[PDB]
Number of protein chains: 4
Amino acid sequence: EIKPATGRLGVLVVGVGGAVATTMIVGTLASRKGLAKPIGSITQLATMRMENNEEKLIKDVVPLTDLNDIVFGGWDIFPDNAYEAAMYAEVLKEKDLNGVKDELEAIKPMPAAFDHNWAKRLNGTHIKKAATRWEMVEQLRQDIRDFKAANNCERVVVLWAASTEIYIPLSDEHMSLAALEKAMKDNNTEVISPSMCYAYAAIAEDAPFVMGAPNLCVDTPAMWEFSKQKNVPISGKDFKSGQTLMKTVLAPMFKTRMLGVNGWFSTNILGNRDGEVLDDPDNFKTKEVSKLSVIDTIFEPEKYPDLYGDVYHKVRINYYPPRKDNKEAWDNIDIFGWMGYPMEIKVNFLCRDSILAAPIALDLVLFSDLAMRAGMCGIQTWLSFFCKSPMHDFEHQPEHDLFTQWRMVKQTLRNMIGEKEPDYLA
Amino acid sequence: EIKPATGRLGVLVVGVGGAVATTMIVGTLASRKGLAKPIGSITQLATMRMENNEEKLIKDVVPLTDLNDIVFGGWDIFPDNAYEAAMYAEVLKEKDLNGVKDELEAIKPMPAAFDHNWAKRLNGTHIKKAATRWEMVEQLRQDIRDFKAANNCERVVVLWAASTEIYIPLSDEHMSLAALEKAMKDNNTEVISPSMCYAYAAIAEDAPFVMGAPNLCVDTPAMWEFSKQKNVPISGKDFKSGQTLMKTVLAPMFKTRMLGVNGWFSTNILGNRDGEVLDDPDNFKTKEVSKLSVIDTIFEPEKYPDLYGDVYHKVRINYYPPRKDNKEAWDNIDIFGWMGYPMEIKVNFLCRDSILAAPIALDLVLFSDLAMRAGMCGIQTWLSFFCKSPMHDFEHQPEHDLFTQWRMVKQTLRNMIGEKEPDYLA
Amino acid sequence: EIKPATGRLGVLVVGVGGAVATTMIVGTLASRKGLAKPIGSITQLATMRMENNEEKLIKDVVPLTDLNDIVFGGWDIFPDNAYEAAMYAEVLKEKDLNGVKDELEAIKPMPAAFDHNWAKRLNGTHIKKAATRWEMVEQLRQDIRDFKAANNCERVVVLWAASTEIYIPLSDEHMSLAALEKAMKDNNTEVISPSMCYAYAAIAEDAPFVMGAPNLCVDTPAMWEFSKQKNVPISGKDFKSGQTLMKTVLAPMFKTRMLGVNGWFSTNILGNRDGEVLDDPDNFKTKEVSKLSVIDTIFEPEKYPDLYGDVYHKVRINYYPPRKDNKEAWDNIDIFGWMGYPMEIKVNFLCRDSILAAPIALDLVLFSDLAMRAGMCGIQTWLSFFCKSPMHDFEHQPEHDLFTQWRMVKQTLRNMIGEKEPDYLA
Amino acid sequence: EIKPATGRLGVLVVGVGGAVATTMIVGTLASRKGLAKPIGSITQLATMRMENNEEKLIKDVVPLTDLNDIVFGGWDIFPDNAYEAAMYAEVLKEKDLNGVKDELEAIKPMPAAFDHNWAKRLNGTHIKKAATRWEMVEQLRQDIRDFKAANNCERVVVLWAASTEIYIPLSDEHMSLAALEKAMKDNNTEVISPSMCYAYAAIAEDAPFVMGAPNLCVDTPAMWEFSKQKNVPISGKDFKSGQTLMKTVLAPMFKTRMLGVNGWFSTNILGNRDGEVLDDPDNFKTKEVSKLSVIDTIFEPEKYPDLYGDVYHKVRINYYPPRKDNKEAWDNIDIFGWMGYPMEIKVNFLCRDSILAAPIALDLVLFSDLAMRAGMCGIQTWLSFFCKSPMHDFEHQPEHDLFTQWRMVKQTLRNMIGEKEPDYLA
Ligand SMILES: NC(=O)c1ccc[n+]([C@@H]2O[C@H](COP(=O)([O-])OP(=O)(O)OC[C@H]3O[C@@H](n4cnc5c(N)ncnc54)[C@H](O)[C@@H]3O)[C@@H](O)[C@H]2O)c1
Ligand SMILES: NC(=O)c1ccc[n+]([C@@H]2O[C@H](COP(=O)([O-])OP(=O)(O)OC[C@H]3O[C@@H](n4cnc5c(N)ncnc54)[C@H](O)[C@@H]3O)[C@@H](O)[C@H]2O)c1
Ligand SMILES: NC(=O)c1ccc[n+]([C@@H]2O[C@H](COP(=O)([O-])OP(=O)(O)OC[C@H]3O[C@@H](n4cnc5c(N)ncnc54)[C@H](O)[C@@H]3O)[C@@H](O)[C@H]2O)c1
Ligand SMILES: NC(=O)c1ccc[n+]([C@@H]2O[C@H](COP(=O)([O-])OP(=O)(O)OC[C@H]3O[C@@H](n4cnc5c(N)ncnc54)[C@H](O)[C@@H]3O)[C@@H](O)[C@H]2O)c1
Ligand code: NA
């Protein structure tokens, strides 16, 4: 039984002043007015073959929030409105911003729960004054309540589209809800991320949460416990948009064709606010761990020792101001075929990072809202498709193969309406 | 009921002295003696999840001919034995050839049914003297019969691994078996390819036929009629090994992610005997048509006009002696995402052409032998996976998506033993 | 004695409505008004060390026409004014065109001497009606005279910046001025190019002529004879802007480091009006011959047989609408070092063709005007630097090495003012 | 007055067991026997135009040591002979090693002056037991004396071809010979490199010294003082073989064509013993500083602020075992032309590092020997051509432009025999 998508959906974005957030916002406002097309959006454009073999838009098969019913808001450490912030990001042409300037200028960031130590390269001013991690939680819950009431929203989704936080490991404080709350109250600044405070607030307020950065946040037993108790879906993490998208397509190719891999080198140059943050090696590490993780379970080295027994995998990210938002990736893959003979594949992907990630953020938001109305909660395995590091508990492995991930999306969608695929190939 | 793989399989290769043929041969002889591994071979290495969820090697699920039971022979316009021909091709190191030298030297090409006009840049003289296309057929049937008897083969498969022939269109003479035979007898050398003579002979002699080049041959109503009458499988065409393999992996990626494509340019440089032939524009055309054909049914431009309504697709092949057998591909793909913003992907694939195609030729041969023992005949749709231009009749469309093609392979294999997939994801 | 640059210079451009012509025009108008910088212009920006070791701008060492004293006009088969033509070409942003719109709109093409057969893929109709090649000459001389009088120009230069014409060989009619005139009068439309009619008219009217395309035109004994009789400079041919620029830089590198070259493959993709024309193989050939010619005299294979005795050199140009004016080049160079061991260099040059060629066209024009005021005539060897196929008579070889070519420019400039280089390194 | 090259030259290599050293050795032994060609060697293959315009081999213009008169030896921390070490390095085919195996096996490394702290990733055993830096000096002088006597060498050259040492800055101890000696005696392990001990020993023993790594060593006032006092030439540093060679060719191209540069990103992957050492960031730094230094003096940002006022330059080196000795470089250069419009150049250079550097090491050795016999001493500015970081005192700037560097080589060679260039272009 799926609750219908009635009334307005508040989409509250952490980092609402960021490149990805503003691009998603501009694209949504323009798309719903017929001034642009939501290219790259599964929710808006993709179709599926149904049990009776009819081909339908996914949006016509399950009840999603209509773009016209979305109201955007959120938090940032810079006070600039969505228009000012989009002008700064330099992703979109002025004529695209101008077409929705009226609406953009009216989207204003609330002050952020921020800790300088977690993103050292940023120096914004628009930050809450907040006694403890737990005070951050309480202020954020207030903001959600205020926003819902002021904008007449039936439901909310909270999307983290803010900066990559410093690397931190799993620890004792993350192992249960009680321990996490205690650490929040003691103001444990080392194990409690700002992001965890927004996630807690979101779940406490019946709002699905999406982690679009590679941050340790909802991938902890404490959050699995809380989200399940509250009947809230959590999804993550790290939008899979460009270089990693490609990696989770070519690795399946080598696997499907039983070709061996000796090595895979991946590098990137980018010069945006994302890149500025990632220039701190501590923040780099968080991205690196995520990027590195996507091939092992595809190859399965223990099962195919003669193909993948010895893959040397290395990823690098380089701050490079000339590229701005347009991350450029270069990959070199050393493979081998018949009789062990080696070959090389070079890929140069000239991305527009925020262009690629904008529809992915929209899709995660709209599918998260659907998941809750469909009675789903805890880790949304079915949304692995959208993410570099698909969240999983200690009894499950992440699935990384894009094509298998897409099948998982379709399977859950069909299941939601009590249907099966019309045949194996669909 | 699948007939068991007893006794010896004769594998008769048209172009047995060629780069792909000798590479497949060397690798098979070495593999079966434990001097090399058949990397790239689905038949030898790939596994599948079965109905009860056990994972097994395909070769342990269906009865295939054991490598030890294969005997190689075939035809070429050059008289060199398989050792001399492998040394000429320069694909494999001498240390690899040396390990199986005695067996290679014993593989000697029978004189070919050849027409200089169909492959003008070749000037070998190990050719039959044959008054008519029909006499070519009869001599080829004799050779098959002689080989089976001399080598004590229970069954035969004929693999065309010879040069790409000049472009010719579908014509009246191809539209029924009666018309094709008539044209053979009248010696119509403009509509009857040499390859059609080998295909006819193979089918007439109860031998599955595989077209590993892009030649018009078994993709005609005449051959669909004949193969059905004789209960023989036919498969083709054009081994999908390198640049085109990649095309049928990336195009599914763009499709799965709802990314638009404005254009796709593919070029390559190669300096082998394959390249010598393809330097004739007439022979180039045959390859070009095949390479061009692989994206339309993936994109479906009529269904997604806003993504793929206007793809400019161009392929080039350039003779380049320095590369030898190591074809080098360069591709530039112009794509667009959210709100129509353009991006570019450049792919540089340093192929070893014959290394990539060798396991594909082996797999087509072994699966063709299985298909016949399993009572299958006519167009082997299930082997689309191995081919750039999957054969199809006028009531079916080719499927090009590698991942879907792999599912087609598994589905037929499961069906052969009366099983279903354990679940949608398997 | 160099005649001073007084009064106005008429710069009459064949193909004044083309991508390169309009880009040069816009940039000159904007530069002189301080709305842009003439990046890439030797005349505007380059310096030289003088005999007394002072470093000066070239424009301060020899008397050039000031940008403010240039008046543009010319011919095209499309009647669009320079503004409309610049908007069509899509090289420059509207904000750049807007700054000089009034001046651009006032530049209007005179009807062209055109022969459809020489550029078949173009179908403009702003063409003269002219019974014979000779009548073309006379009408073009009239246009030059009219323009000089109407715009109060002291001097004129004629720049061919129009489409690459079909390949034609040197022939009897080109071997003397008398024979060329005879062929013009007999209306021999097979050996007399339209471009030859513009060149004749320019020379007849005391106007230096620059061939910016690879056309057979002023590289004939007839034009060497005429330009000498009239004391007019002629320069050419084919602006060296992008891929070929790089070729004449890397080949000197391999030479200077005594590295061998086995092969060099050059391809590109472009979708502009240039590309439309070059899609005709006959027009392609003209470009191809020019691009192929630039390495032999650098390598000197007869002198260094062990390095360059066997270079396989191949160039391709591919029409590709998605690229528009932004030609994209890909090169693969196979080199070898110590003990013959091979290595590879891949170059991907994302050009803006008209951006690269614009300053080159301006420099050729301004240096040609200087050359005549300095009493120079016939083949301007010293301007080889700007050209893919430096013009030369039957007793001289072209010099292709960019760095040597630059030295040739400086040497002539120094000589013009009776100076020597201060030292060998300057 | 040039002393003739009589008798045998001892070429003593620090790191005689290394990839570059063994490649140079094998190539020299094979070349002098006509079993291979010394491709890449200026000394062996390059010609020059002389004052009377005759073109001659440099080796026929100045007296160099004949390859037949070279005797190789040196030091390493691994005791393996030159044959064993070359087999380990995997640069050269076995058939090339086999052809000179007899001579190679007879080249045995003397125990090294080594300090683990300066190259932490190496753990060889074949190291001297040496009380102090000064004891290292005295033992090394003994080794040189012993070698000269045992092999009947008239002259010696010492070539450092050993591992890149950790970064260290210039300091007080380097500022005079007296201070350097004092620091050596006090065993100042922090400011005195092992390399400095070999350099001191070489100069003390009348042997020119070449620094083929980027190490601080002879680029100190102390060594300038000593080398001048002893009348010994010193040259360095860091062979310029591959990616940096290219950088000092393309930067001159942009300069010569007045094109602006916004950025230049350079990365590398390599998996050899060199790469193992450079995996330590301290050792990386030494290479990085050297690689970064080569463009500033080419561009001259203060002179051309509108072209080069703001170049973002970044270099990376990545350990990557699959590449072995075959370093692979990728560069992205952001340039701009006319009216400020941006363009991009991508270079992928698949090097064989030791193949490229072997002739450079030979040339520096043979030219160093010539320099001394020609009465030259101190910093050999004229050998800048061969080096990434041309050594210079505090009153001189390095020249990096390859083409200018080549002219400097020719100028010194001509000067040595009292000749001038025949003309400016030669
Ligand atoms: N762009 C892509 O293709 C892509 C792909 C993978 C993941 N991501 C991740 O998405 C996130 C956003 O990307 P972006 O390019 O928009 O970066 P951005 O820096 O432009 O946007 C992030 C915004 O979050 C703000 N912010 C940081 N910490 C905050 C806090 N505690 N509370 C509120 N606001 C905060 C920043 O001030 C900034 O405005 C990053 O983590 C990035 O790595 C993006
Ligand atoms: N190599 C690959 O990766 C690849 C990819 C696509 C398809 N193919 C196709 O496979 C075929 C074989 O490729 P290859 O590289 O081994 O080429 P090859 O030139 O080495 O071909 C094999 C042989 O075919 C022989 N031959 C030609 N016409 C014949 C005839 N009528 N009868 C008998 N023998 C004949 C030739 O003499 C040659 O020795 C070609 O058509 C090629 O285009 C190969
Ligand atoms: N763009 C570059 O970087 C580059 C490099 C090499 C050389 N070139 C050559 O420069 C020329 C101009 O290049 P473009 O990109 O501006 O091309 P374009 O097609 O935009 O050319 C300019 C114009 O020439 C006109 N034209 C053709 N024939 C004519 C005739 N007989 N009389 C008068 N006008 C005529 C066409 O109508 C067109 O508008 C081409 O031949 C091109 O190959 C340009
Ligand atoms: N390969 C190239 O193209 C290239 C280019 C630039 C510079 N270089 C530099 O040249 C040097 C040698 O390069 P390689 O590839 O042969 O590396 P390598 O590691 O193969 O060779 C260096 C050798 O020196 C030895 N060694 C180290 N410290 C020593 C000491 N104190 N005394 C004696 N032996 C010592 C090592 O054990 C090793 O055998 C490195 O500094 C490298 O960075 C080489
Ligand atoms: Na890197």
Side-chain angles (χ1 to χ4, degrees), chain A residues 23-24 26-27 30-31 36-42 44-47 55 91-92 96 245-246 249-250 252-253 256-260 303-304 306-307 326 336-352 355-356 358-359 399 402-404 406-408 411 420-421 424-425, chain B residues 23-24 26-27 30-31 36-42 44-47 55 91-92 96 245-246 249-250 252-253 256-260 303-304 306-307 336-352 354-356 358-359 399 402-404 406-408 411 420-421 424-425:
Chain A
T23 307
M24 175 188 70
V26 170
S31 283
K37 296 153 195 298
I39 311 295
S41 173
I42 276 52
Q44 304 305 299
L45 293 185
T47 67
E55 200 167 337
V91 177
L92 298 168
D96 284 333
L245 167 67
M246 177 84 64
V249 160
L250 294 182
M253 180 180 75
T256 303
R257 273 296 186 82
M258 295 296 294
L259 295 172
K303 282 175 194 180
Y304 298 96
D306 293 343
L307 299 185
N326 301 323
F336 59 89
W338 186 247
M339 292 179 70
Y341 277 67
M343 282 168 269
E344 298 174 31
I345 295 167
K346 300 136 199 310
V347 185
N348 187 25
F349 193 172
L350 277 44
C351 302
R352 291 174 192 269
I355 293 295
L356 291 162
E399 169 67 58
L402 187 75
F403 300 105
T404 294
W406 171 237
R407 283 168 242 150
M408 291 155 67
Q411 190 172 52
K420 260 76 192 160
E421 66 277 2
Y424 179 58
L425 299 188
Chain B
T23 304
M24 172 187 69
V26 173
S31 282
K37 293 169 172 74
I39 311 299
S41 173
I42 275 53
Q44 302 306 298
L45 293 185
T47 67
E55 197 153 30
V91 178
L92 292 179
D96 283 332
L245 168 66
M246 176 83 67
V249 159
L250 295 187
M253 178 181 82
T256 302
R257 274 297 186 82
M258 293 297 293
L259 293 176
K303 284 174 191 184
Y304 297 95
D306 295 341
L307 298 187
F336 57 90
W338 186 249
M339 294 180 68
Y341 279 68
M343 280 167 272
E344 294 173 29
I345 295 161
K346 301 134 202 305
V347 184
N348 186 26
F349 195 170
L350 277 40
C351 302
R352 292 181 191 266
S354 301
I355 293 298
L356 292 162
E399 169 67 56
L402 186 76
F403 301 104
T404 294
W406 173 235
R407 280 163 87 79
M408 292 158 59
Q411 183 185 61
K420 260 79 163 193
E421 65 275 6
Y424 179 63
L425 298 191

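Here is how names work: the chains are called A, B, and so on, in the same order as the sequence lines, proteins then strands, and each is numbered from 1. Because only heavy atoms are used, hydrogens play no part in the values below, and waters and symmetry mates are left out as well, while side chains stay in.
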Would you mind checking which part of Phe403(A) comes under 4.5 Å of any heavy atom in chain B, side chain (CB onward), backbone (N, CA, C, O), both or neither?
side chain
Could you walk me through whether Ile345(A) and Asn348(B) pass the side-chain contact (heavy atoms from CB on, under 4.5 Å) test, one step at a time?
CA-CA 6 Å; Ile345(A) 295 167; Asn348(B) 186 26; over 6 Å; no
The interface call for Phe336(A) against chain B, heavy-atom contacts under 4.5 Å, is both
Taking every non-hydrogen pair under 4.5 Å, which of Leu259(A), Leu92(A), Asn326(A) racks up the most with chain B?
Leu92(A)
Do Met339(B) and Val26(A) touch side chain to side chain, with heavy atoms closer than 4.5 Å?
yes
Largest heavy-atom contact set with chain A, pairs under 4.5 Å, which of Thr404(B), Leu250(B), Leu245(B):
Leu245(B)
May I ask you to name which of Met246(A), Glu399(A), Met408(A), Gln44(A) has the most heavy-atom pairs under 4.5 Å with chain B?
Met246(A)
Note: vs chain B, highest number of non-hydrogen pairs under 4.5 angstrom among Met253(A), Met258(A), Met24(A) is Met258(A)
Applying a strict 4.5 Å limit to non-hydrogen atoms, the region of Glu344(A) in contact with chain B is both
For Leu45(A), which atoms come within 4.5 Å of any heavy atom of chain B: side chain, backbone, both, or neither?
both
Taking side chain as everything from C-beta outward and backbone as N, CA, C, O, which of these in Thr23(B) sits under 4.5 Å from a heavy atom of chain A? Side chain, backbone, both or neither.
both
Could you tell me whether a side-chain N or O of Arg352(B) sits under 3.5 Å from a main-chain N or O of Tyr341(A), the two making a donor and an acceptor?
no
I'd like to know whether NZ of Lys346(A) has more than 12 heavy-atom contacts from other residues, nucleotides or ligands below 6.0 angstrom.
yes
Okay, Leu425(B) and chain A: the region with an atom under 4.5 Å from a heavy atom over there is both
Are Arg407(B) and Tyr424(B) in a cation-pi contact, defined as NZ or CZ under 6.0 Å from the six-membered ring centre and within 45° of the axis?
yes
Which portion of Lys303(A) sits near chain B, non-hydrogen atoms under 4.5 angstrom:
side chain
Of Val249(B), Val347(B), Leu356(B), the largest count of non-hydrogen pairs under 4.5 angstrom with chain A goes to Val249(B)
Look at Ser31(A), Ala36(A), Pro359(A) and state which one has the largest set of heavy-atom pairs under 4.5 Å with chain B.
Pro359(A)
CH2 on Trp338(A) to OG on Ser354(B), rounded to 0.5 Å:
12.0 Å
Most heavy-atom pairs under 4.5 angstrom with chain B, which of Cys351(A), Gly40(A), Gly340(A)?
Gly40(A)
Among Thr256(B), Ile42(B), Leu307(B), single out the residue with the greatest number of heavy-atom pairs under 4.5 Å to chain A.
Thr256(B)
As an exercise: rank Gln411(A), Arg257(A), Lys420(A), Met343(A) by heavy-atom pairs under 4.5 Å with chain B and give me the winner.
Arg257(A)
Please look at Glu55(A) and chain B and tell me whether the side chain, the backbone, both or neither of the residue comes under 4.5 angstrom of a heavy atom of that chain.
side chain
